[PDB]
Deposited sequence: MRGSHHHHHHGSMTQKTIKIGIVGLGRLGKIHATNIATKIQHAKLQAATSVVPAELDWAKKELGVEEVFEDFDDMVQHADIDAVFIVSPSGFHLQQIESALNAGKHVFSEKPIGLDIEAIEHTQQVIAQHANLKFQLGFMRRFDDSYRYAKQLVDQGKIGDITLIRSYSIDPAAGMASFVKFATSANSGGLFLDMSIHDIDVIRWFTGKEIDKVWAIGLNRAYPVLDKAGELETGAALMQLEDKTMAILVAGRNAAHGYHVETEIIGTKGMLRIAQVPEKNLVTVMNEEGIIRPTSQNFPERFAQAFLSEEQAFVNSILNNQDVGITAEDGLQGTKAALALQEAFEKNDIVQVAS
């Protein structure tokens, strides 16, 4: 029978890792979750009991050398992405990596070289908004010329207040954590790069974040290479739920993706007025996008086609995020290319 089953090994079984693992094991066509790596025991036992994973490992290199797998999903903390990407490729495995690709520009370029030396292997970064139905619908309108050339993009990513308490005592920075997907969306929609940025921020609700070098809310203005404008807001304290919204203003029109984060098709009317319930967290909002990107990765290997999300999209995402962080600490305009 034609085009068989891709056996996948996963590393990282935190919240996001468990989503990918569960999806691969139960919902994704032509895929099997064969192996898992974690150095937390309870996580490996979860993988065996809940998902019936056959091979467990305490060490990533041990998994890639010995497990019966064709591909890996890297969902470890960001500091490990580059070394795990390189090892997997060197052992002849296809690679899906969560964002960001890495944290250090020099180290990222070393990985770009390794990736280029394995052109026969698929490499995909987890920019899942590119697979979200609403984002894709908007991209289609833009590609068809329906709003003309893009003059301004505004994107907000604000985590729910429900997670603030855990964060306070729980980073890498606000823009690195929260805005990388927004940076990618800007590049994806425009085809252009970010030139210079200024970013400001505030810890009003939780001033303890000041001493921790963290931010609860930040905003940025960005000028792109052709003088295109972009506005970012990132935050960790949205009272109404998970607020991810992207606005595109063009010469012929305007559109918004999730102007408000509608949960479903239910409207409630009571003494409080007219109420639309909201989506509450990222797994709820982006459930479909996660499944679609996972399936796209599996199909890319089976059909030997490139998905079009490159190490370069990863590098630029990290670079712009670093530039935003630097602009915030200096409180001055920073050029991204520097």
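Peer 1: What are the unmodelled segments when the structure is compared with the full deposited sequence, in sequence order?
Peer 2: According to the record, the gaps fall at 1-12, 183-187.
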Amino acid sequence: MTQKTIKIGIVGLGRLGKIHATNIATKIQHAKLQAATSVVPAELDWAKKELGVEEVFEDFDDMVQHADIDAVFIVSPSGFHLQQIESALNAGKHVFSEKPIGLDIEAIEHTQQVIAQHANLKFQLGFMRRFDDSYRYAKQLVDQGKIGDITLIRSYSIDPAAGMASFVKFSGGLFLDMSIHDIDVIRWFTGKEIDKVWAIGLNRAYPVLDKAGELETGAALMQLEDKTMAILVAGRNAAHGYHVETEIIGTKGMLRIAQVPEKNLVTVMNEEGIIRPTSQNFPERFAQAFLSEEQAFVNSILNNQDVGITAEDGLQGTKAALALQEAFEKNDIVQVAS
From here on, numbers count along this sequence of modelled residues.
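Peer 1: Quick check on the record: does 196-204 or 132-140 carry the larger mean Cα temperature factor?
Peer 2: Per the PDB entry, the higher value belongs to 196-204.
Peer 1: If you average the Cα B factors in the entry, which is higher, 275-283 or 30-38?
Peer 2: Result: 30-38.
Peer 1: Among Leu291, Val64, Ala311, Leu302, which residue carries the highest C-alpha B-factor recorded in the PDB entry?
Peer 2: So the option with the highest C-alpha B-factor is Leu302.
Peer 1: Among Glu86, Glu247, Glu106, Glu262, where is the Cα B factor highest in this entry?
Peer 2: Checking the PDB record, the top C-alpha B-factor among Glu86, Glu247, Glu106, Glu262 is at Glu106.
Peer 1: Which third, lowest, middle or highest, does the CA B-factor of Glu225 fall in along this chain?
Peer 2: Tercile = highest for this residue's CA B-factor.
Peer 1: Per the entry's values, where does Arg15 land by CA temperature factor relative to the rest of its chain, in the lowest, middle or highest third?
Peer 2: Within its chain, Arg15 is a highest-third residue by C-alpha B-factor, going by the deposited values.
Peer 1: Just say lowest, middle or highest third for the CA B-factor of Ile8 relative to the other modelled residues in its chain.
Peer 2: It falls in the bottom third of the chain.
Peer 1: So where's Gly102 on the chain's Cα temperature factor ranking, which third?
Peer 2: Middle third by C-alpha B-factor.
Peer 1: Relative to the other modelled residues in the chain, which third contains the C-alpha temperature factor of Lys122: lowest, middle or highest?
Peer 2: Tercile = middle for this residue's CA B-factor.
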